[PDB]
$ cat work.cif   # mmCIF, N, CA and C atoms
data_data
loop_
_atom_site.label_atom_id
_atom_site.label_comp_id
_atom_site.auth_asym_id
_atom_site.auth_seq_id
_atom_site.Cartn_x
_atom_site.Cartn_y
_atom_site.Cartn_z
N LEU A 7 33.07 -13.74 -9.24
CA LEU A 7 32.18 -12.67 -9.67
C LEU A 7 32.61 -12.07 -11.01
N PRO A 8 31.64 -11.77 -11.86
CA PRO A 8 31.93 -11.21 -13.19
C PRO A 8 32.74 -9.92 -13.09
N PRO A 9 33.26 -9.42 -14.22
CA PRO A 9 34.18 -8.27 -14.16
C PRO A 9 33.51 -7.02 -13.60
N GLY A 10 34.08 -6.49 -12.52
CA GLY A 10 33.65 -5.24 -11.94
C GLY A 10 32.73 -5.37 -10.74
N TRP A 11 32.26 -6.57 -10.43
CA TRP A 11 31.25 -6.78 -9.41
C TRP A 11 31.88 -7.05 -8.04
N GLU A 12 31.27 -6.49 -7.00
CA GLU A 12 31.72 -6.67 -5.62
C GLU A 12 30.50 -6.87 -4.73
N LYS A 13 30.72 -7.51 -3.59
CA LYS A 13 29.66 -7.74 -2.62
C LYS A 13 29.68 -6.63 -1.57
N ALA A 14 28.50 -6.15 -1.21
CA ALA A 14 28.37 -5.10 -0.19
C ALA A 14 27.16 -5.40 0.68
N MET A 15 27.02 -4.65 1.76
CA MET A 15 25.91 -4.82 2.68
C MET A 15 25.06 -3.56 2.66
N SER A 16 23.74 -3.75 2.56
CA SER A 16 22.83 -2.61 2.50
C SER A 16 22.82 -1.86 3.82
N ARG A 17 22.90 -0.54 3.74
CA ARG A 17 22.98 0.27 4.95
C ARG A 17 21.66 0.25 5.72
N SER A 18 20.53 0.22 5.02
CA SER A 18 19.25 0.32 5.71
C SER A 18 18.72 -1.03 6.18
N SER A 19 18.93 -2.09 5.39
CA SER A 19 18.38 -3.40 5.71
C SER A 19 19.41 -4.40 6.20
N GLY A 20 20.70 -4.18 5.93
CA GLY A 20 21.69 -5.15 6.32
C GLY A 20 21.78 -6.36 5.42
N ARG A 21 21.00 -6.39 4.35
CA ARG A 21 21.03 -7.48 3.39
C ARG A 21 22.19 -7.28 2.42
N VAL A 22 22.84 -8.39 2.06
CA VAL A 22 23.89 -8.37 1.05
C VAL A 22 23.33 -7.92 -0.30
N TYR A 23 24.11 -7.14 -1.05
CA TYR A 23 23.77 -6.84 -2.43
C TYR A 23 25.05 -6.79 -3.25
N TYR A 24 24.91 -6.53 -4.54
CA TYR A 24 26.04 -6.54 -5.45
C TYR A 24 26.14 -5.21 -6.19
N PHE A 25 27.37 -4.71 -6.33
CA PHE A 25 27.64 -3.41 -6.93
C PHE A 25 28.73 -3.58 -7.97
N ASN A 26 28.57 -2.93 -9.13
CA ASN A 26 29.58 -2.96 -10.19
C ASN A 26 30.22 -1.58 -10.29
N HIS A 27 31.51 -1.47 -9.99
CA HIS A 27 32.12 -0.15 -9.95
C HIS A 27 32.39 0.42 -11.34
N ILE A 28 32.30 -0.41 -12.38
CA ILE A 28 32.53 0.07 -13.74
C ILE A 28 31.25 0.66 -14.33
N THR A 29 30.13 -0.01 -14.13
CA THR A 29 28.85 0.45 -14.64
C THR A 29 28.05 1.23 -13.61
N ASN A 30 28.46 1.18 -12.33
CA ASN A 30 27.72 1.74 -11.20
C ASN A 30 26.33 1.13 -11.06
N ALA A 31 26.15 -0.07 -11.61
CA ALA A 31 24.95 -0.86 -11.36
C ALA A 31 24.93 -1.44 -9.95
N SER A 32 23.73 -1.60 -9.40
CA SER A 32 23.57 -2.30 -8.13
C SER A 32 22.30 -3.12 -8.16
N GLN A 33 22.32 -4.26 -7.47
CA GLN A 33 21.21 -5.20 -7.51
C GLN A 33 21.32 -6.16 -6.34
N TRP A 34 20.17 -6.73 -5.93
CA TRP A 34 20.19 -7.71 -4.84
C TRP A 34 20.70 -9.07 -5.31
N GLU A 35 20.37 -9.44 -6.55
CA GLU A 35 20.63 -10.79 -7.04
C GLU A 35 22.09 -10.95 -7.42
N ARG A 36 22.64 -12.15 -7.18
CA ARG A 36 24.04 -12.39 -7.50
C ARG A 36 24.23 -12.38 -9.01
N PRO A 37 25.14 -11.57 -9.54
CA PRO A 37 25.23 -11.40 -10.99
C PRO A 37 25.81 -12.63 -11.67
N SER A 38 25.31 -12.89 -12.88
CA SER A 38 25.79 -13.99 -13.72
C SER A 38 25.15 -13.89 -15.10
N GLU A 51 34.82 -11.19 -24.03
CA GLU A 51 34.24 -9.88 -24.34
C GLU A 51 33.97 -9.75 -25.84
N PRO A 52 32.76 -9.32 -26.19
CA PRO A 52 32.40 -9.22 -27.61
C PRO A 52 33.14 -8.10 -28.31
N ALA A 53 33.35 -8.27 -29.61
CA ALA A 53 34.03 -7.24 -30.39
C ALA A 53 33.21 -5.95 -30.43
N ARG A 54 31.88 -6.06 -30.44
CA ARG A 54 31.02 -4.90 -30.53
C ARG A 54 29.81 -5.10 -29.63
N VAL A 55 29.29 -3.99 -29.11
CA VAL A 55 28.02 -3.99 -28.39
C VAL A 55 27.15 -2.91 -28.99
N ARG A 56 25.85 -3.04 -28.78
CA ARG A 56 24.90 -2.00 -29.14
C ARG A 56 24.29 -1.47 -27.86
N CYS A 57 24.20 -0.14 -27.74
CA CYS A 57 23.64 0.46 -26.54
C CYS A 57 22.70 1.60 -26.89
N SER A 58 21.77 1.85 -25.97
CA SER A 58 21.01 3.09 -25.93
C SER A 58 21.45 3.86 -24.69
N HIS A 59 21.22 5.16 -24.69
CA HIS A 59 21.53 5.90 -23.48
C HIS A 59 20.56 7.06 -23.30
N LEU A 60 20.53 7.57 -22.07
CA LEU A 60 19.80 8.77 -21.70
C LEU A 60 20.83 9.67 -21.04
N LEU A 61 21.07 10.84 -21.62
CA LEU A 61 22.06 11.77 -21.11
C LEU A 61 21.35 12.93 -20.43
N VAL A 62 21.78 13.27 -19.21
CA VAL A 62 21.38 14.53 -18.59
C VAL A 62 22.62 15.41 -18.53
N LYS A 63 22.55 16.56 -19.18
CA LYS A 63 23.67 17.49 -19.15
C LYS A 63 23.59 18.40 -17.92
N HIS A 64 24.68 19.11 -17.66
CA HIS A 64 24.72 20.07 -16.57
C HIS A 64 25.60 21.24 -16.98
N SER A 65 25.72 22.22 -16.09
CA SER A 65 26.38 23.46 -16.46
C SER A 65 27.86 23.27 -16.79
N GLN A 66 28.47 22.16 -16.38
CA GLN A 66 29.87 21.90 -16.68
C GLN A 66 30.06 20.92 -17.84
N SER A 67 28.98 20.50 -18.50
CA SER A 67 29.12 19.69 -19.71
C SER A 67 29.97 20.41 -20.75
N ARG A 68 30.68 19.62 -21.56
CA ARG A 68 31.55 20.20 -22.59
C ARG A 68 30.79 21.17 -23.49
N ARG A 69 29.58 20.80 -23.90
CA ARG A 69 28.67 21.71 -24.59
C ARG A 69 27.39 21.77 -23.78
N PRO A 70 27.21 22.79 -22.94
CA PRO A 70 26.01 22.87 -22.07
C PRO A 70 24.79 23.37 -22.82
N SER A 71 24.36 22.58 -23.80
CA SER A 71 23.26 22.91 -24.70
C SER A 71 22.71 21.60 -25.23
N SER A 72 21.42 21.58 -25.54
CA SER A 72 20.82 20.41 -26.15
C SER A 72 19.57 20.84 -26.90
N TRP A 73 18.95 19.88 -27.60
CA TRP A 73 17.68 20.16 -28.25
C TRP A 73 16.61 20.57 -27.24
N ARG A 74 16.78 20.20 -25.96
CA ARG A 74 15.79 20.53 -24.95
C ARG A 74 15.95 21.95 -24.43
N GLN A 75 17.16 22.50 -24.49
CA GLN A 75 17.49 23.73 -23.77
C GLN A 75 18.69 24.37 -24.44
N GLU A 76 18.55 25.63 -24.87
CA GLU A 76 19.69 26.29 -25.51
C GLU A 76 20.83 26.51 -24.53
N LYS A 77 20.52 26.87 -23.29
CA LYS A 77 21.53 27.01 -22.24
C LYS A 77 21.15 26.10 -21.08
N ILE A 78 21.95 25.08 -20.85
CA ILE A 78 21.71 24.16 -19.75
C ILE A 78 22.38 24.71 -18.51
N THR A 79 21.58 24.95 -17.47
CA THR A 79 22.02 25.65 -16.28
C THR A 79 22.02 24.79 -15.02
N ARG A 80 21.41 23.61 -15.06
CA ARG A 80 21.32 22.79 -13.86
C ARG A 80 22.72 22.39 -13.39
N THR A 81 22.86 22.24 -12.07
CA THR A 81 24.14 21.85 -11.51
C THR A 81 24.38 20.36 -11.74
N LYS A 82 25.64 19.96 -11.63
CA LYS A 82 25.96 18.54 -11.74
C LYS A 82 25.18 17.72 -10.71
N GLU A 83 25.02 18.28 -9.51
CA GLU A 83 24.27 17.59 -8.46
C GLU A 83 22.80 17.46 -8.84
N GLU A 84 22.23 18.49 -9.46
CA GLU A 84 20.84 18.42 -9.91
C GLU A 84 20.68 17.42 -11.04
N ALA A 85 21.68 17.33 -11.92
CA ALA A 85 21.63 16.35 -12.99
C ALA A 85 21.67 14.94 -12.44
N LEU A 86 22.50 14.70 -11.42
CA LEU A 86 22.55 13.37 -10.82
C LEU A 86 21.22 13.01 -10.19
N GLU A 87 20.57 13.96 -9.52
CA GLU A 87 19.26 13.66 -8.94
C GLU A 87 18.24 13.30 -10.01
N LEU A 88 18.29 13.98 -11.17
CA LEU A 88 17.39 13.62 -12.26
C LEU A 88 17.66 12.21 -12.75
N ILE A 89 18.93 11.88 -12.94
CA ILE A 89 19.33 10.54 -13.37
C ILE A 89 18.84 9.49 -12.37
N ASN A 90 19.04 9.76 -11.08
CA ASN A 90 18.60 8.82 -10.05
C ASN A 90 17.10 8.58 -10.13
N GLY A 91 16.33 9.64 -10.36
CA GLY A 91 14.88 9.49 -10.45
C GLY A 91 14.46 8.70 -11.68
N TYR A 92 15.14 8.91 -12.81
CA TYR A 92 14.82 8.11 -13.99
C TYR A 92 15.13 6.65 -13.75
N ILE A 93 16.28 6.36 -13.12
CA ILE A 93 16.62 4.97 -12.82
C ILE A 93 15.56 4.35 -11.93
N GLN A 94 15.09 5.09 -10.92
CA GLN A 94 14.04 4.56 -10.05
C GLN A 94 12.80 4.18 -10.84
N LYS A 95 12.36 5.07 -11.73
CA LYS A 95 11.13 4.82 -12.47
C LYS A 95 11.31 3.69 -13.47
N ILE A 96 12.49 3.58 -14.07
CA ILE A 96 12.74 2.46 -14.98
C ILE A 96 12.74 1.14 -14.22
N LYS A 97 13.38 1.11 -13.05
CA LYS A 97 13.46 -0.14 -12.30
C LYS A 97 12.13 -0.56 -11.70
N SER A 98 11.27 0.40 -11.35
CA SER A 98 9.93 0.09 -10.86
C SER A 98 8.97 -0.30 -11.96
N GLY A 99 9.34 -0.05 -13.22
CA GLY A 99 8.42 -0.30 -14.32
C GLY A 99 7.39 0.78 -14.53
N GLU A 100 7.45 1.87 -13.76
CA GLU A 100 6.54 2.99 -13.96
C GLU A 100 6.76 3.65 -15.32
N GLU A 101 8.00 3.69 -15.80
CA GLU A 101 8.33 4.19 -17.12
C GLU A 101 9.27 3.19 -17.76
N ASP A 102 9.36 3.18 -19.09
CA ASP A 102 10.43 2.40 -19.66
C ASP A 102 11.54 3.31 -20.16
N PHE A 103 12.71 2.70 -20.32
CA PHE A 103 13.91 3.44 -20.66
C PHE A 103 13.71 4.26 -21.93
N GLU A 104 13.15 3.63 -22.97
CA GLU A 104 13.05 4.29 -24.27
C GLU A 104 12.15 5.52 -24.21
N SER A 105 11.06 5.43 -23.45
CA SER A 105 10.15 6.56 -23.33
C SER A 105 10.82 7.73 -22.61
N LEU A 106 11.59 7.46 -21.56
CA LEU A 106 12.29 8.55 -20.88
C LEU A 106 13.40 9.10 -21.75
N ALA A 107 14.10 8.24 -22.49
CA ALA A 107 15.18 8.76 -23.32
C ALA A 107 14.61 9.66 -24.41
N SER A 108 13.47 9.25 -24.99
CA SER A 108 12.84 10.03 -26.05
C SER A 108 12.39 11.39 -25.55
N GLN A 109 11.96 11.47 -24.29
CA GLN A 109 11.44 12.72 -23.76
C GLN A 109 12.52 13.60 -23.15
N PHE A 110 13.55 13.02 -22.53
CA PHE A 110 14.39 13.78 -21.63
C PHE A 110 15.89 13.70 -21.89
N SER A 111 16.36 12.86 -22.80
CA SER A 111 17.79 12.80 -23.03
C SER A 111 18.26 14.08 -23.71
N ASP A 112 19.31 14.69 -23.16
CA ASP A 112 19.91 15.92 -23.70
C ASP A 112 20.81 15.63 -24.88
N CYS A 113 20.29 14.89 -25.85
CA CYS A 113 21.11 14.36 -26.92
C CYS A 113 20.23 14.16 -28.14
N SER A 114 20.81 14.36 -29.33
CA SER A 114 20.05 14.17 -30.55
C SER A 114 19.54 12.74 -30.69
N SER A 115 20.19 11.79 -30.02
CA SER A 115 19.77 10.40 -30.06
C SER A 115 18.41 10.18 -29.38
N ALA A 116 17.89 11.18 -28.67
CA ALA A 116 16.54 11.06 -28.10
C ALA A 116 15.52 10.71 -29.18
N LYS A 117 15.68 11.28 -30.37
CA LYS A 117 14.75 10.99 -31.46
C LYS A 117 14.78 9.52 -31.87
N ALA A 118 15.87 8.80 -31.58
CA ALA A 118 15.99 7.37 -31.83
C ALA A 118 15.78 6.55 -30.56
N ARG A 119 15.04 7.10 -29.59
CA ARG A 119 14.78 6.44 -28.31
C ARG A 119 16.09 6.08 -27.61
N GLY A 120 17.12 6.89 -27.84
CA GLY A 120 18.40 6.73 -27.18
C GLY A 120 19.39 5.83 -27.88
N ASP A 121 18.99 5.16 -28.96
CA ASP A 121 19.85 4.19 -29.61
C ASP A 121 21.07 4.87 -30.22
N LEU A 122 22.26 4.33 -29.91
CA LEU A 122 23.51 4.77 -30.51
C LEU A 122 24.01 3.86 -31.61
N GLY A 123 23.37 2.71 -31.82
CA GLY A 123 23.90 1.73 -32.74
C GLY A 123 25.01 0.92 -32.10
N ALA A 124 25.65 0.10 -32.92
CA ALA A 124 26.74 -0.76 -32.47
C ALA A 124 28.07 -0.02 -32.56
N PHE A 125 28.98 -0.38 -31.66
CA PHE A 125 30.32 0.20 -31.66
C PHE A 125 31.29 -0.77 -31.01
N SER A 126 32.55 -0.65 -31.38
CA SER A 126 33.62 -1.44 -30.78
C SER A 126 34.43 -0.55 -29.84
N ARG A 127 35.38 -1.17 -29.15
CA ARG A 127 36.26 -0.38 -28.31
C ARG A 127 37.08 0.57 -29.17
N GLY A 128 37.41 1.72 -28.60
CA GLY A 128 38.18 2.72 -29.32
C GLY A 128 37.37 3.77 -30.05
N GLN A 129 36.05 3.80 -29.87
CA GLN A 129 35.20 4.74 -30.59
C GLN A 129 34.49 5.74 -29.69
N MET A 130 34.08 5.35 -28.49
CA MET A 130 33.35 6.19 -27.55
C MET A 130 34.26 6.67 -26.42
N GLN A 131 33.80 7.70 -25.71
CA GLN A 131 34.52 8.19 -24.53
C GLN A 131 34.73 7.05 -23.53
N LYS A 132 35.91 7.04 -22.90
CA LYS A 132 36.32 5.87 -22.13
C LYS A 132 35.35 5.44 -21.04
N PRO A 133 34.83 6.33 -20.17
CA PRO A 133 33.91 5.84 -19.14
C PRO A 133 32.68 5.21 -19.73
N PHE A 134 32.21 5.75 -20.86
CA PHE A 134 31.05 5.20 -21.54
C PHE A 134 31.37 3.84 -22.15
N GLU A 135 32.51 3.75 -22.84
CA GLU A 135 32.93 2.48 -23.43
C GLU A 135 33.09 1.40 -22.36
N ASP A 136 33.80 1.71 -21.27
CA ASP A 136 34.05 0.70 -20.25
C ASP A 136 32.75 0.20 -19.66
N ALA A 137 31.82 1.11 -19.38
CA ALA A 137 30.55 0.68 -18.82
C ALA A 137 29.77 -0.16 -19.82
N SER A 138 29.79 0.25 -21.09
CA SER A 138 29.04 -0.46 -22.13
C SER A 138 29.50 -1.90 -22.26
N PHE A 139 30.81 -2.13 -22.29
CA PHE A 139 31.34 -3.47 -22.47
C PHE A 139 31.33 -4.30 -21.19
N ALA A 140 31.06 -3.69 -20.03
CA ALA A 140 30.92 -4.45 -18.79
C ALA A 140 29.48 -4.88 -18.54
N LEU A 141 28.53 -4.30 -19.25
CA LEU A 141 27.14 -4.71 -19.15
C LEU A 141 26.91 -6.02 -19.90
N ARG A 142 26.00 -6.83 -19.36
CA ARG A 142 25.48 -7.96 -20.10
C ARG A 142 24.33 -7.51 -21.00
N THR A 143 24.03 -8.31 -22.01
CA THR A 143 22.94 -7.96 -22.91
C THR A 143 21.65 -7.81 -22.12
N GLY A 144 20.97 -6.68 -22.30
CA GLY A 144 19.74 -6.39 -21.59
C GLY A 144 19.92 -5.66 -20.27
N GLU A 145 21.16 -5.49 -19.82
CA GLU A 145 21.45 -4.89 -18.53
C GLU A 145 21.59 -3.37 -18.66
N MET A 146 21.29 -2.67 -17.57
CA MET A 146 21.34 -1.21 -17.53
C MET A 146 22.38 -0.74 -16.52
N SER A 147 23.03 0.37 -16.83
CA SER A 147 24.03 0.88 -15.90
C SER A 147 23.40 1.71 -14.79
N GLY A 148 24.23 2.12 -13.83
CA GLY A 148 23.89 3.25 -12.99
C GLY A 148 24.39 4.51 -13.66
N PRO A 149 24.48 5.60 -12.90
CA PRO A 149 24.98 6.86 -13.48
C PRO A 149 26.41 6.70 -13.96
N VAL A 150 26.64 7.02 -15.23
CA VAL A 150 27.97 6.96 -15.84
C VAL A 150 28.35 8.39 -16.24
N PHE A 151 29.50 8.86 -15.76
CA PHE A 151 29.91 10.25 -15.93
C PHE A 151 30.91 10.38 -17.08
N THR A 152 30.66 11.34 -17.97
CA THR A 152 31.60 11.71 -19.02
C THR A 152 31.67 13.23 -19.08
N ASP A 153 32.55 13.74 -19.94
CA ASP A 153 32.59 15.19 -20.12
C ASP A 153 31.29 15.73 -20.69
N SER A 154 30.45 14.88 -21.27
CA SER A 154 29.16 15.32 -21.79
C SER A 154 28.13 15.51 -20.69
N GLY A 155 28.25 14.78 -19.61
CA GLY A 155 27.24 14.82 -18.57
C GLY A 155 27.13 13.47 -17.91
N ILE A 156 25.92 13.13 -17.49
CA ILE A 156 25.67 11.88 -16.78
C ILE A 156 24.74 11.03 -17.63
N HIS A 157 25.13 9.77 -17.85
CA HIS A 157 24.42 8.85 -18.72
C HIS A 157 23.79 7.71 -17.93
N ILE A 158 22.65 7.22 -18.42
CA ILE A 158 22.16 5.88 -18.11
C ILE A 158 22.34 5.08 -19.39
N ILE A 159 22.95 3.90 -19.29
CA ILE A 159 23.27 3.12 -20.48
C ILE A 159 22.50 1.80 -20.45
N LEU A 160 21.88 1.45 -21.58
CA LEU A 160 21.18 0.18 -21.74
C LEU A 160 21.89 -0.60 -22.85
N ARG A 161 22.47 -1.74 -22.51
CA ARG A 161 23.05 -2.59 -23.54
C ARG A 161 21.95 -3.42 -24.17
N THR A 162 21.76 -3.27 -25.48
CA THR A 162 20.69 -3.97 -26.18
C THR A 162 21.18 -5.15 -27.00
N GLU A 163 22.45 -5.15 -27.40
CA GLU A 163 23.02 -6.25 -28.18
C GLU A 163 24.50 -6.38 -27.86
#

$ encode --input "work.cif" --output "structure tokens"
Amino acid sequence: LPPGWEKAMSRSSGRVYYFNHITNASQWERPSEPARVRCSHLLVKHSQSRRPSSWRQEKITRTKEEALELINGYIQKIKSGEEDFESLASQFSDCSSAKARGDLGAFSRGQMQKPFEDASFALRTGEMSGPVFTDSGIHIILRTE
């Protein structure tokens, strides 16, 4: 299994699935290092974020638990195809990168916060993370290159 992936059993259906503890990605299908990757992200901040403020809200008051529920709902809509990642990032990311549809550009190791970096480099091109936690808040990460 690729780096970070483990086999688990679904609690509701009993079907095997795969989980990546680095990216917090999960999927039914069996899954299958570059100097630099390019990623987009969608950040939801919460009251304990290092700077609890964004272009969306001067004072961010939602709890960390409420932020996770928002992230979970965005992931659901992205995976169902009801929304695409870029449209949600443009509307709802608590980050100036929302204006760039979440794009952060390319980066190598040693430049981003560690949980974000580790998840970014564990994704395959085109793959999306689950909720990734940093001092900024909770991220959904899309590796684009």

$ resolve_selection --input "work.cif" --expression "the PyMOL selection byres (((chain A and resi 18-29 and name CA) around 12) and name CA)" --output "VMD selection string"
chain A and resid 7 to 17 30 to 38 132 to 142 145 to 151 157 to 161

$ closest_residue --input "work.cif" --among "A:54, A:74, A:64, A:97" --to "residue 113 (chain A)" --atoms "all atoms listed in the file"
A:74

$ closest_residue --input "work.cif" --among "A:90, A:105, A:152, A:131" --to "residue 67 (chain A)" --atoms "all atoms listed in the file"
A:152

$ select_by_dssp --input "work.cif" --residues "chain A" --states "strand (DSSP E)" --output "ChimeraX atom specification"
/A:11-15,22-26,32-33,54-62,121-126,150-152,155-161

$ closest_residue --input "work.cif" --among "A:153, A:163, A:121, A:100" --to "residue 60 (chain A)" --atoms "only C-alpha atoms"
A:121

$ closest_residue --input "work.cif" --among "A:128, A:99, A:120, A:144" --to "residue 62 (chain A)" --atoms "only C-alpha atoms"
A:120

$ residues_near_point --input "work.cif" --point "(20.1, 22.3, -22.0)" --cutoff "12 Å" --atoms "only C-alpha atoms" --output "ChimeraX atom specification"
/A:61-81,85,110-114,154-155

$ atom_distance --input "work.cif" --atom1 "CA of residue 86 (chain A)" --atom2 "CA of residue 55 (chain A)"
25.3 Å

$ axis_aligned_box --input "work.cif" --around "region 10-26 of chain A" --padding-each-side "6 Å" --output "lines of an AutoDock Vina configuration file"
center_x = 26.2
center_y = -4.0
center_z = -3.1
size_x = 27.7
size_y = 20.7
size_z = 30.8

$ atom_distance --input "work.cif" --atom1 "CA of residue 58 (chain A)" --atom2 "CA of residue 98 (chain A)"
18.9 Å

$ select_by_dssp --input "work.cif" --residues "region 17-158 of chain A" --states "alpha helix (DSSP H)" --output "JSON, numbers by chain"
{"A": [82, 83, 84, 85, 86, 87, 88, 89, 90, 91, 92, 93, 94, 95, 96, 97, 98, 103, 104, 105, 106, 107, 108, 109, 110, 132, 133, 134, 135, 136, 137, 138, 139, 140]}

$ write_last_selection --input "work.cif" --atoms "N, CA and C atoms" --output "compact mmCIF listing (two decimals), in the coordinates of the input"
# COMPACT_ATOMS: atom_id res chain seq x y z
N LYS A 82 25.64 19.96 -11.63
CA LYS A 82 25.96 18.54 -11.74
C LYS A 82 25.18 17.72 -10.71
N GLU A 83 25.02 18.28 -9.51
CA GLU A 83 24.27 17.59 -8.46
C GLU A 83 22.80 17.46 -8.84
N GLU A 84 22.23 18.49 -9.46
CA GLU A 84 20.84 18.42 -9.91
C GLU A 84 20.68 17.42 -11.04
N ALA A 85 21.68 17.33 -11.92
CA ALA A 85 21.63 16.35 -12.99
C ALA A 85 21.67 14.94 -12.44
N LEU A 86 22.50 14.70 -11.42
CA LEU A 86 22.55 13.37 -10.82
C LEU A 86 21.22 13.01 -10.19
N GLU A 87 20.57 13.96 -9.52
CA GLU A 87 19.26 13.66 -8.94
C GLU A 87 18.24 13.30 -10.01
N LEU A 88 18.29 13.98 -11.17
CA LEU A 88 17.39 13.62 -12.26
C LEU A 88 17.66 12.21 -12.75
N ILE A 89 18.93 11.88 -12.94
CA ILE A 89 19.33 10.54 -13.37
C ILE A 89 18.84 9.49 -12.37
N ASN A 90 19.04 9.76 -11.08
CA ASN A 90 18.60 8.82 -10.05
C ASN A 90 17.10 8.58 -10.13
N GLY A 91 16.33 9.64 -10.36
CA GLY A 91 14.88 9.49 -10.45
C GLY A 91 14.46 8.70 -11.68
N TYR A 92 15.14 8.91 -12.81
CA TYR A 92 14.82 8.11 -13.99
C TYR A 92 15.13 6.65 -13.75
N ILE A 93 16.28 6.36 -13.12
CA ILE A 93 16.62 4.97 -12.82
C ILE A 93 15.56 4.35 -11.93
N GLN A 94 15.09 5.09 -10.92
CA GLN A 94 14.04 4.56 -10.05
C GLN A 94 12.80 4.18 -10.84
N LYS A 95 12.36 5.07 -11.73
CA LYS A 95 11.13 4.82 -12.47
C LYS A 95 11.31 3.69 -13.47
N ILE A 96 12.49 3.58 -14.07
CA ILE A 96 12.74 2.46 -14.98
C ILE A 96 12.74 1.14 -14.22
N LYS A 97 13.38 1.11 -13.05
CA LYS A 97 13.46 -0.14 -12.30
C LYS A 97 12.13 -0.56 -11.70
N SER A 98 11.27 0.40 -11.35
CA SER A 98 9.93 0.09 -10.86
C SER A 98 8.97 -0.30 -11.96
N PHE A 103 12.71 2.70 -20.32
CA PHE A 103 13.91 3.44 -20.66
C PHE A 103 13.71 4.26 -21.93
N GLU A 104 13.15 3.63 -22.97
CA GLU A 104 13.05 4.29 -24.27
C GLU A 104 12.15 5.52 -24.21
N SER A 105 11.06 5.43 -23.45
CA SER A 105 10.15 6.56 -23.33
C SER A 105 10.82 7.73 -22.61
N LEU A 106 11.59 7.46 -21.56
CA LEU A 106 12.29 8.55 -20.88
C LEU A 106 13.40 9.10 -21.75
N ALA A 107 14.10 8.24 -22.49
CA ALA A 107 15.18 8.76 -23.32
C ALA A 107 14.61 9.66 -24.41
N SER A 108 13.47 9.25 -24.99
CA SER A 108 12.84 10.03 -26.05
C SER A 108 12.39 11.39 -25.55
N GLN A 109 11.96 11.47 -24.29
CA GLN A 109 11.44 12.72 -23.76
C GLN A 109 12.52 13.60 -23.15
N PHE A 110 13.55 13.02 -22.53
CA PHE A 110 14.39 13.78 -21.63
C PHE A 110 15.89 13.70 -21.89
N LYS A 132 35.91 7.04 -22.90
CA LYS A 132 36.32 5.87 -22.13
C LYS A 132 35.35 5.44 -21.04
N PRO A 133 34.83 6.33 -20.17
CA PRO A 133 33.91 5.84 -19.14
C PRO A 133 32.68 5.21 -19.73
N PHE A 134 32.21 5.75 -20.86
CA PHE A 134 31.05 5.20 -21.54
C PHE A 134 31.37 3.84 -22.15
N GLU A 135 32.51 3.75 -22.84
CA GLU A 135 32.93 2.48 -23.43
C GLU A 135 33.09 1.40 -22.36
N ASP A 136 33.80 1.71 -21.27
CA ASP A 136 34.05 0.70 -20.25
C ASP A 136 32.75 0.20 -19.66
N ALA A 137 31.82 1.11 -19.38
CA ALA A 137 30.55 0.68 -18.82
C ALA A 137 29.77 -0.16 -19.82
N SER A 138 29.79 0.25 -21.09
CA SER A 138 29.04 -0.46 -22.13
C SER A 138 29.50 -1.90 -22.26
N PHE A 139 30.81 -2.13 -22.29
CA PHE A 139 31.34 -3.47 -22.47
C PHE A 139 31.33 -4.30 -21.19
N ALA A 140 31.06 -3.69 -20.03
CA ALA A 140 30.92 -4.45 -18.79
C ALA A 140 29.48 -4.88 -18.54

$ atom_distance --input "work.cif" --atom1 "atom C of residue 92 (chain A)" --atom2 "CA of residue 130 (chain A)"
22.9 Å
